[PDB]
Amino acid sequence: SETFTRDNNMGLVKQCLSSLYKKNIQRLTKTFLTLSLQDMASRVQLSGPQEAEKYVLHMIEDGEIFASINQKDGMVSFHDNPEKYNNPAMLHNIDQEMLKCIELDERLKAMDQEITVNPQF
Amino acid sequence: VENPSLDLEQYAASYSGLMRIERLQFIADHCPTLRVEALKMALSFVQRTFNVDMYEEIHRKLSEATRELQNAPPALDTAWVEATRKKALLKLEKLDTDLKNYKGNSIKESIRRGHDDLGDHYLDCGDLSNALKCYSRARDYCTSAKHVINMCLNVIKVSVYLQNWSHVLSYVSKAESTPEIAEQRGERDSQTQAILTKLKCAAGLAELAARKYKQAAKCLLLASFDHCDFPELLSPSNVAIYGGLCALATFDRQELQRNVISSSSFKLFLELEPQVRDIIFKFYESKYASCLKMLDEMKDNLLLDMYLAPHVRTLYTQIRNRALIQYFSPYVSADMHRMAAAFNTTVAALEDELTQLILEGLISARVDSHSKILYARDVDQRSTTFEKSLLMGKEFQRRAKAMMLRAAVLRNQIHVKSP
């Protein structure tokens, strides 16, 4: 702690701790579909289903996990299906990404032309 | 470590020599209660073939055992030890005299045979390094392929006790390539002397010690039953156990069906040990409950075996995992309670095991722990292709920006100076 405060980056290491918790909750999607909040609190090491519900809600809001909360049964339902790639949204996304690659190629064309004008080696 | 199902008498009767000695010592060191009988049999056979060091080790251990036997609720024969030392030294002088005589006569057959007898007596006395040196010198006095084959078999025999399995495999391949690739045809209408069987068994044990269980099983399955007795390496019942467990752990369903079940050569070995045969058949018939039951019934008894024990964790874990996959293979949606009952475990323990099996292994499923149902996961082809393509484009763009700036710093010669 003294070495991390000496470098004046204490805070980012706390974000590393929170990201480790989030990584542990993100590892549950690969194996579970419908998981209890108490089971999640026991596996991720959070103590109580309340903190598990907090973490899951934060992660859904920030777009980090694709899940839903069932309070009645006390369960978490992982979905894991953001897109099927039929939206125009993807059309516009691909159009923008392609325009970025076209920009990059035109820059490379300019660099190559600039080098062709220069003397030989 | 306790199992009274072991039959020490028959187990000692099946093997011979240092193999019998080291196996009895393994049963004595790893298994108590049966230690007394193992020490008594070990002592009785150590008195045979003439050995001093082994007699001192076994006598020390038997005295400590008798002390423990008196703590629960044979005398040191130095005359025989000194007589044995005198007999061994005088016989070594006789063998030296005859060896020097044949070396003076200069006869390839006589010198080679002298080194062979020399090596046999060096093995009987208890010299582990010199016994190999005798055959190592005997190498040069060979003409026909048969002499080299016998020599290699002796080198392999000693190297098993020295634990040099790479050399075993090397001299196995040597003895397989020297006689015009196993006499090409097969000595016409089969051979009375089964040498190929001994080679595949030695290579099988060598591949087993090297933790390569698939090749070990592949060599052990090819060995024929007609060789019968071979106490210098491994008994046919153990050949069935080693080969059976290794093949069950590494070979898949098609491979087990073609190379283990339909194999007529290994069938006899499967008839010797019916428990292993039942385990393989129950694994193929999808009867995993009785299969794991018989496998756990064998576990403690196979734990006492000399060469099989240091793999008993791996094999069993490999088998169980494979079984779990073979159980879930034909299902899209499976009940975890029936699965837990079929694998002799609890639903939460099965849930943990399956979670580990999805994280790395061949199971491509999701666990629904609320309803206790294991659902098989099907990958969306289109979304996966789009996802990895989009991410590749992103990584390509970052690499392009990075090399753009690298071009700029290499052009302007921007670097950190040393002073």
# chains A, B, ... in the order shown; residues from 1 in each chain; ligands from 1
$ residues_around --residues "residue A:42" --least-positions-apart "6" --cutoff "12 Å" --atoms "only C-alpha atoms" --output "NGL selection string"
:A and (24-25 or 35-36 or 48-49 or 51-52)
$ interface_residues --of "chain A" --to "chain B" --cutoff "6 Å" --atoms "only C-alpha atoms" --output "PyMOL selection string"
chain A and resi 31-35+84
$ write_last_selection --atoms "N, CA and C atoms" --output "tab-separated table (two decimals), in the first residue's frame"
chain	number	residue	atom	x	y	z
A	31	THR	N	-20.86	-20.48	-17.74
A	31	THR	CA	-21.21	-21.77	-17.13
A	31	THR	C	-22.64	-21.84	-16.63
A	32	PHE	N	-23.16	-20.75	-16.07
A	32	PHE	CA	-24.55	-20.71	-15.56
A	32	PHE	C	-25.50	-19.92	-16.45
A	33	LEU	N	-26.78	-20.24	-16.30
A	33	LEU	CA	-27.89	-19.59	-16.98
A	33	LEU	C	-28.84	-18.93	-15.97
A	34	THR	N	-29.24	-19.70	-14.97
A	34	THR	CA	-30.13	-19.24	-13.91
A	34	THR	C	-29.45	-19.60	-12.60
A	35	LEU	N	-28.99	-18.58	-11.89
A	35	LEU	CA	-28.20	-18.77	-10.68
A	35	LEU	C	-28.79	-17.98	-9.51
A	84	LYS	N	-28.31	-9.96	-33.31
A	84	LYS	CA	-28.31	-11.03	-34.30
A	84	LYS	C	-27.71	-10.56	-35.64
$ residues_around --residues "residue A:55" --least-positions-apart "2" --cutoff "10 Å" --atoms "only C-alpha atoms" --output "PyMOL selection string"
chain A and resi 18+21-22+25+46+49-53+57-61
$ write_last_selection --atoms "C-alpha atoms" --output "PDB file, in the first residue's frame"
ATOM      1  CA  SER A  18     -13.621  -3.986  -8.379  1.00  0.00           C
ATOM      2  CA  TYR A  21     -15.089  -8.848  -8.785  1.00  0.00           C
ATOM      3  CA  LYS A  22     -16.740  -7.942 -12.111  1.00  0.00           C
ATOM      4  CA  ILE A  25     -19.321 -12.277 -12.051  1.00  0.00           C
ATOM      5  CA  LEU A  46     -19.462 -10.762  -1.614  1.00  0.00           C
ATOM      6  CA  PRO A  49     -27.414 -11.610  -1.738  1.00  0.00           C
ATOM      7  CA  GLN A  50     -27.858  -7.819  -1.339  1.00  0.00           C
ATOM      8  CA  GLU A  51     -24.336  -6.990  -2.572  1.00  0.00           C
ATOM      9  CA  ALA A  52     -24.768  -9.531  -5.392  1.00  0.00           C
ATOM     10  CA  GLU A  53     -27.969  -7.777  -6.500  1.00  0.00           C
ATOM     11  CA  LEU A  57     -27.689  -4.184 -11.339  1.00  0.00           C
ATOM     12  CA  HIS A  58     -24.594  -1.943 -11.760  1.00  0.00           C
ATOM     13  CA  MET A  59     -23.170  -4.333 -14.343  1.00  0.00           C
ATOM     14  CA  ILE A  60     -26.432  -4.386 -16.366  1.00  0.00           C
ATOM     15  CA  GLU A  61     -26.630  -0.579 -16.295  1.00  0.00           C
TER      16      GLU A  61
END
$ select_by_dssp --residues "stretch 263-412 of chain B" --states "alpha helix (DSSP H)" --output "JSON, numbers by chain"
{"B": [264, 265, 266, 267, 268, 269, 270, 271, 272, 274, 275, 276, 277, 278, 279, 280, 281, 282, 283, 284, 288, 289, 290, 291, 292, 293, 294, 295, 296, 297, 298, 299, 300, 301, 302, 312, 313, 314, 315, 316, 317, 318, 319, 320, 321, 322, 323, 324, 325, 326, 327, 328, 336, 337, 338, 339, 340, 341, 342, 347, 348, 349, 350, 351, 352, 353, 354, 355, 356, 357, 358, 359, 381, 382, 383, 384, 385, 386, 387, 388, 389, 390, 391, 392, 393, 394, 395, 396, 397, 398, 399, 400, 401, 402, 403, 404, 405, 406, 407, 408, 409, 410, 411, 412]}
$ residues_around --residues "stretch 232-246 of chain B" --least-positions-apart "6" --cutoff "8 Å" --atoms "only C-alpha atoms" --output "list in words"
residues 14, 15, 16, 17, 19, 157, 160, 201, 202, 213, 214, 216, 217, 218, 220, 221, 225, 260, 266, 269, 270, 272, 273, 276, 277, 280, 308 and 315 of chain B
$ write_last_selection --atoms "N, CA, C and O atoms" --output "mmCIF file, in the first residue's frame"
data_model
loop_
_atom_site.group_PDB
_atom_site.id
_atom_site.type_symbol
_atom_site.label_atom_id
_atom_site.label_comp_id
_atom_site.auth_asym_id
_atom_site.auth_seq_id
_atom_site.Cartn_x
_atom_site.Cartn_y
_atom_site.Cartn_z
ATOM 1 N N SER B 14 3.200 -65.013 -9.076
ATOM 2 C CA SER B 14 3.173 -64.570 -10.480
ATOM 3 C C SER B 14 4.473 -63.901 -10.980
ATOM 4 O O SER B 14 4.809 -64.016 -12.162
ATOM 5 N N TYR B 15 5.189 -63.205 -10.090
ATOM 6 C CA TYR B 15 6.438 -62.499 -10.442
ATOM 7 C C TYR B 15 7.688 -63.224 -9.930
ATOM 8 O O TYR B 15 7.574 -64.227 -9.226
ATOM 9 N N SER B 16 8.871 -62.723 -10.304
ATOM 10 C CA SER B 16 10.161 -63.307 -9.881
ATOM 11 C C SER B 16 11.323 -62.303 -9.924
ATOM 12 O O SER B 16 11.280 -61.313 -10.661
ATOM 13 N N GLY B 17 12.356 -62.573 -9.125
ATOM 14 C CA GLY B 17 13.568 -61.748 -9.091
ATOM 15 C C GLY B 17 13.416 -60.421 -8.363
ATOM 16 O O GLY B 17 12.624 -60.300 -7.420
ATOM 17 N N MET B 19 11.993 -57.869 -9.416
ATOM 18 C CA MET B 19 10.611 -57.444 -9.628
ATOM 19 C C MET B 19 9.737 -57.913 -8.457
ATOM 20 O O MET B 19 8.946 -57.133 -7.915
ATOM 21 N N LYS B 157 15.742 -55.420 -19.718
ATOM 22 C CA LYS B 157 15.489 -56.034 -18.397
ATOM 23 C C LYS B 157 16.183 -55.288 -17.244
ATOM 24 O O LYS B 157 15.544 -54.975 -16.235
ATOM 25 N N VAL B 160 14.907 -51.519 -16.775
ATOM 26 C CA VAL B 160 13.628 -51.432 -16.048
ATOM 27 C C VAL B 160 13.871 -51.249 -14.542
ATOM 28 O O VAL B 160 13.225 -50.411 -13.902
ATOM 29 N N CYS B 201 5.236 -55.204 -24.709
ATOM 30 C CA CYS B 201 5.024 -55.103 -23.258
ATOM 31 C C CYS B 201 6.070 -54.213 -22.581
ATOM 32 O O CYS B 201 5.725 -53.399 -21.713
ATOM 33 N N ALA B 202 7.338 -54.370 -22.973
ATOM 34 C CA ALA B 202 8.419 -53.514 -22.455
ATOM 35 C C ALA B 202 8.232 -52.053 -22.864
ATOM 36 O O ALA B 202 8.375 -51.147 -22.033
ATOM 37 N N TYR B 213 -0.180 -42.542 -21.797
ATOM 38 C CA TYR B 213 -1.085 -43.678 -21.564
ATOM 39 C C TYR B 213 -1.723 -44.217 -22.841
ATOM 40 O O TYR B 213 -2.042 -45.414 -22.927
ATOM 41 N N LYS B 214 -1.894 -43.348 -23.834
ATOM 42 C CA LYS B 214 -2.488 -43.749 -25.109
ATOM 43 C C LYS B 214 -1.569 -44.690 -25.897
ATOM 44 O O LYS B 214 -2.023 -45.722 -26.412
ATOM 45 N N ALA B 216 0.977 -46.349 -24.530
ATOM 46 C CA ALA B 216 1.138 -47.495 -23.624
ATOM 47 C C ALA B 216 0.038 -48.532 -23.828
ATOM 48 O O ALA B 216 0.321 -49.733 -23.932
ATOM 49 N N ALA B 217 -1.209 -48.063 -23.890
ATOM 50 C CA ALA B 217 -2.350 -48.933 -24.205
ATOM 51 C C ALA B 217 -2.282 -49.495 -25.630
ATOM 52 O O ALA B 217 -2.586 -50.674 -25.860
ATOM 53 N N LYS B 218 -1.886 -48.639 -26.578
ATOM 54 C CA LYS B 218 -1.750 -49.043 -27.985
ATOM 55 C C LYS B 218 -0.726 -50.170 -28.179
ATOM 56 O O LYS B 218 -0.917 -51.041 -29.034
ATOM 57 N N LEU B 220 0.285 -52.259 -25.449
ATOM 58 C CA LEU B 220 -0.214 -53.374 -24.620
ATOM 59 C C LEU B 220 -1.392 -54.143 -25.224
ATOM 60 O O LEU B 220 -1.519 -55.345 -24.987
ATOM 61 N N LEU B 221 -2.259 -53.455 -25.975
ATOM 62 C CA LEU B 221 -3.386 -54.119 -26.660
ATOM 63 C C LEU B 221 -2.938 -55.057 -27.792
ATOM 64 O O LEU B 221 -3.617 -56.046 -28.086
ATOM 65 N N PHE B 225 -1.564 -63.287 -26.193
ATOM 66 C CA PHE B 225 -1.674 -64.092 -24.966
ATOM 67 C C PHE B 225 -0.756 -65.328 -24.978
ATOM 68 O O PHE B 225 -0.473 -65.911 -23.923
ATOM 69 N N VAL B 260 -10.350 -52.294 -28.518
ATOM 70 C CA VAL B 260 -10.438 -52.925 -27.187
ATOM 71 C C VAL B 260 -11.546 -53.986 -27.100
ATOM 72 O O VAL B 260 -11.280 -55.114 -26.682
ATOM 73 N N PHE B 266 -6.727 -59.313 -27.083
ATOM 74 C CA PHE B 266 -6.851 -58.789 -25.718
ATOM 75 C C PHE B 266 -8.021 -59.415 -24.950
ATOM 76 O O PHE B 266 -8.072 -59.344 -23.698
ATOM 77 N N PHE B 269 -7.050 -61.667 -22.145
ATOM 78 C CA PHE B 269 -6.595 -60.850 -21.013
ATOM 79 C C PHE B 269 -7.812 -60.314 -20.258
ATOM 80 O O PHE B 269 -7.838 -60.329 -19.020
ATOM 81 N N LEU B 270 -8.822 -59.854 -21.012
ATOM 82 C CA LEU B 270 -10.098 -59.426 -20.385
ATOM 83 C C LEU B 270 -10.833 -60.564 -19.668
ATOM 84 O O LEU B 270 -11.608 -60.319 -18.735
ATOM 85 N N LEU B 272 -9.124 -62.891 -18.041
ATOM 86 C CA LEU B 272 -8.348 -63.099 -16.806
ATOM 87 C C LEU B 272 -8.844 -62.205 -15.674
ATOM 88 O O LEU B 272 -9.064 -62.684 -14.557
ATOM 89 N N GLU B 273 -9.014 -60.916 -15.967
ATOM 90 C CA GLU B 273 -9.566 -59.954 -15.009
ATOM 91 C C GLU B 273 -10.975 -59.524 -15.449
ATOM 92 O O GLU B 273 -11.112 -58.653 -16.306
ATOM 93 N N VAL B 276 -12.173 -55.478 -14.826
ATOM 94 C CA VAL B 276 -11.773 -54.488 -15.844
ATOM 95 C C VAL B 276 -12.664 -54.626 -17.088
ATOM 96 O O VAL B 276 -13.114 -53.620 -17.661
ATOM 97 N N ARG B 277 -12.916 -55.872 -17.489
ATOM 98 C CA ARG B 277 -13.813 -56.206 -18.603
ATOM 99 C C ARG B 277 -15.225 -55.652 -18.380
ATOM 100 O O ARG B 277 -15.818 -55.059 -19.290
ATOM 101 N N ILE B 280 -15.059 -51.696 -18.678
ATOM 102 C CA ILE B 280 -15.035 -51.257 -20.085
ATOM 103 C C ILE B 280 -16.406 -51.454 -20.754
ATOM 104 O O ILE B 280 -16.914 -50.551 -21.431
ATOM 105 N N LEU B 308 1.556 -49.027 -11.409
ATOM 106 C CA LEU B 308 0.232 -48.468 -11.722
ATOM 107 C C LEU B 308 -0.201 -47.331 -10.785
ATOM 108 O O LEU B 308 -0.902 -46.411 -11.218
ATOM 109 N N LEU B 315 -5.546 -41.308 -14.386
ATOM 110 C CA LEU B 315 -6.431 -42.265 -15.078
ATOM 111 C C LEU B 315 -7.900 -42.120 -14.655
ATOM 112 O O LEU B 315 -8.772 -41.862 -15.487
#
$ atom_distance --atom1 "atom CA of residue B:72" --atom2 "atom CA of residue B:23"
26.2 Å
$ closest_residue --among "A:119, A:74, A:82, A:88" --to "residue A:38" --atoms "only C-alpha atoms"
A:74
$ residues_around --residues "residue B:59" --least-positions-apart "5" --cutoff "10 Å" --atoms "only C-alpha atoms" --output "list in words"
residues 39, 40, 42, 43, 53, 54, 64, 65, 74, 75, 76 and 77 of chain B
$ atom_distance --atom1 "atom CA of residue B:403" --atom2 "atom CA of residue A:104"
11.8 Å
$ atom_distance --atom1 "atom CA of residue B:338" --atom2 "atom CA of residue B:325"
14.8 Å
